[PDB]
C-alpha cells in the first residue's frame, strides 16, 4: 500500500453551464509504471474512463502528451512520478490554452503560427528535384543541432507569459526556434524574407527574455538562445554567413 494521489484538471463541454474543476485520484504505485502517463492510463482504465488526454509514443518523441505536471510544462510519458505520497502531484493542461476537454488543449493556432514560417527548404536558383544532394559541410549542418530536435509539443510556448498575453501576435519560442532553424540552414536561400515576416514589434520582439521556455523544455533545448539570435539578425547586429561553396568535383 503506497497510494499516490493526483489532482487532475477536468472540463466537460457536453455538460450545460459546465465549469472546470480539480479531481483527486488515488493510485497504487506498486501496480503502476514509473511515469506520470502510466498513472493517467491506469486511472482511465481501472477507475474513470472519461479521463481524456493525448498520447502516442512511449519514449518522449511524438510530443502528444505535453501538459502541466507539478507546476512545470513537461511530457507525461517521461515524467517520473513523485514517489513521496504525502505530496499530491497536480496535473493541468498546457497553461493559457483554450481547452477542448479535460487535459486536451486546442492546438491549431500553434500549428498555424508554425505554417507561417514556411517550414521548408527554398532555393532562388530552381533545383532539379531528384537529381543530386545539395552540398553542406558538417559544421554548417551542426548549426541545425539543438534546433531540428524539437518535437513541437508546445511546453515552451505554453510556459511563456509573453505568449500567454499575446498568442495572436507574438509567435512564441517553439515557432521562433523553428523560424531560426530555416534561417541558419546554409542550404536555404531565403533568410531575408524569413526575417521580414517577423520585423514588426510583436512577432519576435515581444520576447521579454523571461527564459521560462528554456527551463521547461523537456528535450533540453534552447528557444531563448535562438530568439536572441533572431533579434540580432533583425537589428542587423549580425548576418547569416554565406553558404560554403560547393566543390567542383561534388
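Numbering follows the first chain given and starts at 1.
Engineer: What stretch has the higher average Cα B-factor here, 94-102 or 124-132?
Structural biologist: Stretch with the higher mean C-alpha B-factor: 124-132.
Engineer: Regarding 80-88 and 150-158, which shows the higher C-alpha temperature factor on average in the entry?
Structural biologist: The stretch with the larger mean CA B-factor is 80-88.
Engineer: Comparing recorded Cα B-factors across 69, 62, 217, 192, which one is largest?
Structural biologist: Comparing C-alpha B-factors across 69, 62, 217, 192, the top value belongs to 192.
Engineer: What third of its chain's C-alpha B-factors does residue 47 belong to: lowest, middle or highest?
Structural biologist: Lowest third of the chain for residue 47's C-alpha B-factor.
Engineer: Going by the recorded CA B-factors, say which third of the chain residue 202 sits in, lowest, middle or highest.
Structural biologist: According to the entry, residue 202 has a C-alpha B-factor in the chain's highest third.
Engineer: Considering every modelled residue of the chain and its Cα B-factor in the PDB entry, is residue 36 in the lowest, middle or highest third?
Structural biologist: Bottom third by C-alpha B-factor.
Engineer: What third of its chain's C-alpha B-factors does residue 29 belong to: lowest, middle or highest?
Structural biologist: Within its chain, residue 29 is a highest-third residue by C-alpha B-factor, going by the deposited values.
Engineer: Where does the C-alpha B-factor of residue 58 rank in its chain, lowest, middle or highest third?
Structural biologist: According to the entry, residue 58 has a C-alpha B-factor in the chain's highest third.
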